[PDB]
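Asks: Structure file data34.csv (CSV, C-alpha atoms) right here:
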```csv
chain,number,residue,atom,x,y,z
A,2,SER,CA,0.0,0.0,0.0
A,3,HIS,CA,1.7,3.1,-1.3
A,4,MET,CA,0.7,6.6,-0.4
A,5,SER,CA,-0.9,9.4,-2.3
A,6,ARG,CA,0.6,12.9,-2.8
A,7,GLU,CA,-1.8,14.2,-0.2
A,8,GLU,CA,-1.0,11.5,2.4
A,9,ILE,CA,2.7,12.2,1.9
A,10,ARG,CA,2.2,15.9,2.3
A,11,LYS,CA,0.4,15.3,5.6
A,12,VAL,CA,3.3,13.2,6.9
A,13,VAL,CA,5.9,15.7,5.9
A,14,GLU,CA,3.9,18.5,7.4
A,15,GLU,CA,3.7,16.7,10.7
A,16,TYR,CA,7.4,16.0,10.9
A,17,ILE,CA,8.1,19.7,10.1
A,18,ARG,CA,5.7,20.6,12.9
A,19,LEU,CA,7.4,18.4,15.4
A,20,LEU,CA,10.8,19.9,14.4
A,21,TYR,CA,9.5,23.3,15.5
A,22,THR,CA,7.3,22.3,18.5
A,23,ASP,CA,8.8,19.2,20.1
A,24,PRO,CA,12.2,18.5,18.7
A,25,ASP,CA,12.9,15.6,21.1
A,26,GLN,CA,9.7,13.9,19.7
A,27,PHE,CA,10.9,14.8,16.2
A,28,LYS,CA,14.1,12.9,16.8
A,29,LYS,CA,12.4,9.9,18.4
A,30,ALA,CA,9.7,9.6,15.8
A,31,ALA,CA,12.2,10.1,13.0
A,32,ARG,CA,14.3,7.1,14.2
A,33,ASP,CA,11.4,4.9,15.4
A,34,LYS,CA,8.5,5.5,13.0
A,35,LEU,CA,9.8,7.3,9.9
A,36,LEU,CA,13.2,5.9,9.0
A,37,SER,CA,13.9,2.2,8.3
A,38,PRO,CA,16.7,0.5,10.3
A,39,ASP,CA,18.7,0.2,7.1
A,40,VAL,CA,18.1,3.8,6.0
A,41,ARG,CA,20.8,5.3,3.7
A,42,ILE,CA,20.7,9.2,3.3
A,43,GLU,CA,22.9,10.2,0.4
A,44,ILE,CA,23.7,13.9,0.5
A,45,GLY,CA,25.8,14.6,-2.5
A,46,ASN,CA,28.8,12.1,-2.3
A,47,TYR,CA,28.4,11.6,1.5
A,48,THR,CA,26.4,8.8,3.0
A,49,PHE,CA,24.7,9.0,6.4
A,50,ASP,CA,23.0,6.0,8.0
A,51,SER,CA,21.9,4.8,11.4
A,52,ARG,CA,25.4,5.4,12.8
A,53,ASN,CA,25.0,9.1,12.1
A,54,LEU,CA,21.3,9.7,13.0
A,55,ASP,CA,21.5,10.8,16.7
A,56,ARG,CA,23.8,13.7,15.9
A,57,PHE,CA,22.3,14.3,12.4
A,58,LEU,CA,18.8,14.8,13.8
A,59,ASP,CA,20.2,17.1,16.5
A,60,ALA,CA,21.8,19.2,13.7
A,61,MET,CA,18.4,19.5,12.0
A,62,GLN,CA,16.8,20.7,15.3
A,63,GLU,CA,19.2,23.6,15.5
A,64,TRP,CA,19.2,24.5,11.8
A,65,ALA,CA,15.5,24.9,11.9
A,66,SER,CA,15.6,28.1,13.7
A,67,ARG,CA,17.4,29.7,10.8
A,68,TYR,CA,14.1,30.1,8.7
A,69,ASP,CA,11.1,32.3,8.9
A,70,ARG,CA,8.9,30.2,6.6
A,71,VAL,CA,8.9,26.6,5.5
A,72,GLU,CA,6.5,25.3,2.8
A,73,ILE,CA,6.1,22.1,0.8
A,74,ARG,CA,6.2,23.1,-2.8
A,75,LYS,CA,6.0,19.7,-4.6
A,76,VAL,CA,5.1,16.2,-3.8
A,77,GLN,CA,5.3,13.5,-6.6
A,78,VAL,CA,4.7,9.8,-5.9
A,79,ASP,CA,5.4,6.9,-8.2
A,80,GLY,CA,4.8,3.6,-6.5
A,81,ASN,CA,7.2,3.6,-3.5
A,82,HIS,CA,9.4,6.4,-5.0
A,83,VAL,CA,8.6,9.8,-3.6
A,84,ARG,CA,9.9,13.3,-4.5
A,85,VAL,CA,9.4,16.2,-2.0
A,86,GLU,CA,10.5,19.8,-2.5
A,87,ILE,CA,10.4,22.1,0.5
A,88,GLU,CA,11.1,25.9,0.3
A,89,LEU,CA,12.8,27.6,3.2
A,90,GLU,CA,12.8,31.3,3.5
A,91,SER,CA,14.5,34.0,5.5
A,92,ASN,CA,14.4,37.7,4.7
A,93,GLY,CA,14.2,37.4,1.0
A,94,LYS,CA,16.6,34.4,0.8
A,95,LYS,CA,15.1,31.2,-0.5
A,96,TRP,CA,16.5,27.7,-0.1
A,97,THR,CA,15.1,24.7,-1.8
A,98,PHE,CA,15.4,21.4,0.0
A,99,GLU,CA,14.6,18.7,-2.6
A,100,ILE,CA,14.7,15.0,-1.8
A,101,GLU,CA,14.0,11.7,-3.5
A,102,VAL,CA,12.8,8.9,-1.2
A,103,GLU,CA,12.2,5.2,-1.3
A,104,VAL,CA,9.7,3.6,1.1
A,105,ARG,CA,9.7,0.0,2.4
A,106,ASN,CA,7.5,-1.4,5.2
A,107,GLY,CA,5.9,2.0,5.5
A,108,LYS,CA,9.3,3.6,6.4
A,109,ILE,CA,12.0,5.5,4.5
A,110,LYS,CA,14.8,3.2,3.2
A,111,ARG,CA,16.7,5.7,1.0
A,112,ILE,CA,16.9,9.5,0.8
A,113,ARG,CA,18.9,11.2,-1.9
A,114,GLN,CA,19.7,14.9,-2.1
A,115,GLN,CA,21.9,16.8,-4.5
A,116,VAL,CA,24.2,19.5,-3.1
A,117,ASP,CA,25.5,22.5,-5.1
A,118,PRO,CA,29.3,23.1,-5.2
A,119,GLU,CA,29.3,25.8,-2.5
A,120,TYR,CA,27.7,23.5,0.1
A,121,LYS,CA,30.1,20.5,-0.2
A,122,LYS,CA,32.2,21.7,2.8
A,123,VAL,CA,29.1,22.0,5.0
A,124,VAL,CA,28.1,18.4,4.2
A,125,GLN,CA,31.7,17.1,4.6
A,126,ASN,CA,31.9,18.7,8.1
A,127,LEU,CA,28.5,17.1,9.0
A,128,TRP,CA,29.8,13.7,7.8
A,129,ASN,CA,32.9,14.1,9.9
A,130,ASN,CA,30.9,15.2,12.9
A,131,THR,CA,27.9,12.9,13.2
```
Turn this file's structure into structure tokens for me.
Replies:
Amino acid sequence: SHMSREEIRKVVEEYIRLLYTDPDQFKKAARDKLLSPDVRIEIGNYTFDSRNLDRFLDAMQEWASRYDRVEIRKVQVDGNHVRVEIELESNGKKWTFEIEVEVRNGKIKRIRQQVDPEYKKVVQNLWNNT
């Protein structure tokens, strides 16, 4: 049973809400409900997995306060392959967080994000420090 665009949007919105309102629940839910034990998160050339998740999810909790507005701009489903684009804004600056996801057993098994050239050092530091 795969999910519709609307069902995916509802899940994404709830996790965003948790990130802002109860970040400790965000982290517990992300690791217990949302992400598969074997999850692989491929951010550019850098792979994050369960070994990284405690510190990776903490980093998301802190990064979230950087933005004034967060909105889902695109959800596209194709069987168990999902694409989500989220727009993040702060004072006229706009970032686009775009991810491709594979779902197994109702959980995320793979996440893939591309990274532009000026963000590689950020991701490398995260990989060496989660």
Asks: For residue 34 (chain A), which of A:49, A:68, A:21, A:16 is the closest residue, counting only C-alpha atoms?
Replies: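 Answer, going by the shortest atom-to-atom distance: A:16.
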Asks: Using all atoms listed in the file, which of A:44, A:36, A:78, A:19 sits nearest residue 117 (chain A)?
Replies: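 Among A:44, A:36, A:78, A:19, it is A:44 that comes nearest to residue 117 (chain A).
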Asks: What is the distance between CA of residue 29 (chain A) and CA of residue 45 (chain A), in Å to one decimal?
Replies: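 Spanning CA of residue 29 (chain A) to CA of residue 45 (chain A) is a straight-line distance of 25.3 Å.
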Asks: Tell me which of A:79, A:23, A:15, A:101 sits closest to residue 114 (chain A), counting all atoms listed in the file.
Replies: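 Selected residue with least distance to residue 114 (chain A): A:101.
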Asks: Restricting the calculation to only C-alpha atoms: of A:57, A:64, A:120, A:47, which residue gets closest to residue 32 (chain A)?
Replies: A:57
Asks: Kindly indicate which residue among A:26, A:116, A:38, A:20 lies nearest to residue 61 (chain A), using only C-alpha atoms for the distances.
Replies: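 Nearest to residue 61 (chain A): A:20.
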Asks: Let me make sure I understand: among A:25, A:14, A:39, A:8, which one has the smallest atom-to-atom distance to residue 110 (chain A) if we use all atoms listed in the file?
Replies: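 Of the candidates, the smallest distance to residue 110 (chain A) is held by A:39.
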Asks: CA of residue 62 (chain A) to CA of residue 18 (chain A): how many Å, to one decimal?
Replies: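 Interatomic distance, CA of residue 62 (chain A) to CA of residue 18 (chain A): 11.4 Å.
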Asks: Step by step: start from the point (21.8, 2.2, 5.0) in the file's coordinates, keep every protein, DNA or RNA residue that has an atom no farther than 10 Å from it, count only C-alpha atoms, and write the set as a PyMOL selection string.
Replies: chain A and resi 37-43+48-52+110-112
Asks: Could you check how far CA of residue 104 (chain A) sits from CA of residue 83 (chain A), in Å to one decimal?
Replies: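 One can read the CA of residue 104 (chain A) to CA of residue 83 (chain A) distance as 7.9 Å.
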Asks: Near residue 129 (chain A), within 10 Å and counting all atoms listed in the file, which residues show up once chain neighbours fewer than 3 positions away are dropped, as a PyMOL selection string?
Replies: chain A and resi 47+53+124-126
Asks: Would you compute an axis-aligned box for region 27-31 of chain A, covering every atom listed for it in the file with 6 Å of margin on each side, and report centre and edge lengths in Å to one decimal as lines of an AutoDock Vina configuration file?
Replies:
```
center_x = 11.9
center_y = 12.2
center_z = 15.7
size_x = 16.4
size_y = 17.2
size_z = 17.4
```
Asks: Step by step: locate region 16-115 of chain A in the block above, keep C-alpha atoms, then write the file as an mmCIF file, in the first residue's frame.
Replies:
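Ended up saving to decode.cif:
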```cif
data_model
loop_
_atom_site.group_PDB
_atom_site.id
_atom_site.type_symbol
_atom_site.label_atom_id
_atom_site.label_comp_id
_atom_site.auth_asym_id
_atom_site.auth_seq_id
_atom_site.Cartn_x
_atom_site.Cartn_y
_atom_site.Cartn_z
ATOM 1 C CA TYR A 16 7.413 16.046 10.895
ATOM 2 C CA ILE A 17 8.107 19.677 10.101
ATOM 3 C CA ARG A 18 5.685 20.647 12.851
ATOM 4 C CA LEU A 19 7.419 18.388 15.354
ATOM 5 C CA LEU A 20 10.763 19.872 14.444
ATOM 6 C CA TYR A 21 9.473 23.295 15.529
ATOM 7 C CA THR A 22 7.297 22.311 18.452
ATOM 8 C CA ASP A 23 8.768 19.203 20.116
ATOM 9 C CA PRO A 24 12.224 18.513 18.684
ATOM 10 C CA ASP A 25 12.880 15.634 21.051
ATOM 11 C CA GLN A 26 9.749 13.917 19.689
ATOM 12 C CA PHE A 27 10.870 14.786 16.159
ATOM 13 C CA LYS A 28 14.073 12.850 16.754
ATOM 14 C CA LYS A 29 12.409 9.880 18.447
ATOM 15 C CA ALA A 30 9.718 9.649 15.819
ATOM 16 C CA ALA A 31 12.165 10.075 12.960
ATOM 17 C CA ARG A 32 14.286 7.141 14.196
ATOM 18 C CA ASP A 33 11.428 4.908 15.399
ATOM 19 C CA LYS A 34 8.549 5.517 12.951
ATOM 20 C CA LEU A 35 9.774 7.329 9.864
ATOM 21 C CA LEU A 36 13.175 5.859 9.000
ATOM 22 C CA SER A 37 13.938 2.214 8.295
ATOM 23 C CA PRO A 38 16.724 0.534 10.303
ATOM 24 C CA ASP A 39 18.727 0.209 7.059
ATOM 25 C CA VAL A 40 18.123 3.786 5.958
ATOM 26 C CA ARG A 41 20.768 5.345 3.717
ATOM 27 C CA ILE A 42 20.748 9.164 3.349
ATOM 28 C CA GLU A 43 22.912 10.167 0.394
ATOM 29 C CA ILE A 44 23.658 13.918 0.535
ATOM 30 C CA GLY A 45 25.824 14.571 -2.470
ATOM 31 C CA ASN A 46 28.814 12.139 -2.342
ATOM 32 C CA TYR A 47 28.357 11.609 1.452
ATOM 33 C CA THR A 48 26.363 8.779 2.966
ATOM 34 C CA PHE A 49 24.679 9.015 6.372
ATOM 35 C CA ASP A 50 23.048 6.028 8.017
ATOM 36 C CA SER A 51 21.904 4.829 11.423
ATOM 37 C CA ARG A 52 25.401 5.381 12.782
ATOM 38 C CA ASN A 53 24.965 9.131 12.137
ATOM 39 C CA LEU A 54 21.333 9.663 13.046
ATOM 40 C CA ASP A 55 21.490 10.842 16.660
ATOM 41 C CA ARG A 56 23.793 13.739 15.865
ATOM 42 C CA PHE A 57 22.336 14.323 12.389
ATOM 43 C CA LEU A 58 18.840 14.755 13.781
ATOM 44 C CA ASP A 59 20.196 17.091 16.492
ATOM 45 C CA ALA A 60 21.752 19.214 13.740
ATOM 46 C CA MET A 61 18.372 19.531 11.997
ATOM 47 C CA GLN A 62 16.804 20.701 15.267
ATOM 48 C CA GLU A 63 19.236 23.580 15.477
ATOM 49 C CA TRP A 64 19.229 24.470 11.761
ATOM 50 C CA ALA A 65 15.483 24.863 11.851
ATOM 51 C CA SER A 66 15.584 28.126 13.729
ATOM 52 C CA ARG A 67 17.361 29.713 10.765
ATOM 53 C CA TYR A 68 14.145 30.057 8.723
ATOM 54 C CA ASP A 69 11.100 32.322 8.873
ATOM 55 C CA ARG A 70 8.917 30.236 6.562
ATOM 56 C CA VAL A 71 8.862 26.588 5.533
ATOM 57 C CA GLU A 72 6.479 25.334 2.842
ATOM 58 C CA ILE A 73 6.081 22.135 0.822
ATOM 59 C CA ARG A 74 6.160 23.137 -2.831
ATOM 60 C CA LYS A 75 6.016 19.750 -4.575
ATOM 61 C CA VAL A 76 5.111 16.168 -3.770
ATOM 62 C CA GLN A 77 5.263 13.545 -6.565
ATOM 63 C CA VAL A 78 4.688 9.829 -5.909
ATOM 64 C CA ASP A 79 5.381 6.899 -8.213
ATOM 65 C CA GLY A 80 4.787 3.607 -6.481
ATOM 66 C CA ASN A 81 7.158 3.595 -3.508
ATOM 67 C CA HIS A 82 9.358 6.384 -4.986
ATOM 68 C CA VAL A 83 8.561 9.825 -3.608
ATOM 69 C CA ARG A 84 9.888 13.274 -4.470
ATOM 70 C CA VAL A 85 9.442 16.174 -2.021
ATOM 71 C CA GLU A 86 10.500 19.807 -2.461
ATOM 72 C CA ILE A 87 10.400 22.136 0.521
ATOM 73 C CA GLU A 88 11.058 25.854 0.292
ATOM 74 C CA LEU A 89 12.751 27.566 3.239
ATOM 75 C CA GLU A 90 12.819 31.321 3.457
ATOM 76 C CA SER A 91 14.478 33.983 5.546
ATOM 77 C CA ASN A 92 14.389 37.710 4.741
ATOM 78 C CA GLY A 93 14.216 37.414 0.975
ATOM 79 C CA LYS A 94 16.592 34.433 0.794
ATOM 80 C CA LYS A 95 15.063 31.199 -0.475
ATOM 81 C CA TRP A 96 16.498 27.711 -0.144
ATOM 82 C CA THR A 97 15.059 24.661 -1.838
ATOM 83 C CA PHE A 98 15.357 21.352 0.033
ATOM 84 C CA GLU A 99 14.590 18.686 -2.563
ATOM 85 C CA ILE A 100 14.749 14.974 -1.825
ATOM 86 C CA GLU A 101 14.024 11.677 -3.487
ATOM 87 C CA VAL A 102 12.825 8.926 -1.162
ATOM 88 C CA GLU A 103 12.230 5.164 -1.341
ATOM 89 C CA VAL A 104 9.693 3.637 1.095
ATOM 90 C CA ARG A 105 9.713 0.049 2.428
ATOM 91 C CA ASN A 106 7.486 -1.393 5.175
ATOM 92 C CA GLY A 107 5.916 2.043 5.509
ATOM 93 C CA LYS A 108 9.294 3.586 6.381
ATOM 94 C CA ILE A 109 11.997 5.462 4.511
ATOM 95 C CA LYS A 110 14.781 3.208 3.226
ATOM 96 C CA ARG A 111 16.696 5.692 1.035
ATOM 97 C CA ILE A 112 16.912 9.502 0.831
ATOM 98 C CA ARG A 113 18.941 11.199 -1.905
ATOM 99 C CA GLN A 114 19.669 14.939 -2.061
ATOM 100 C CA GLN A 115 21.919 16.770 -4.489
#
```
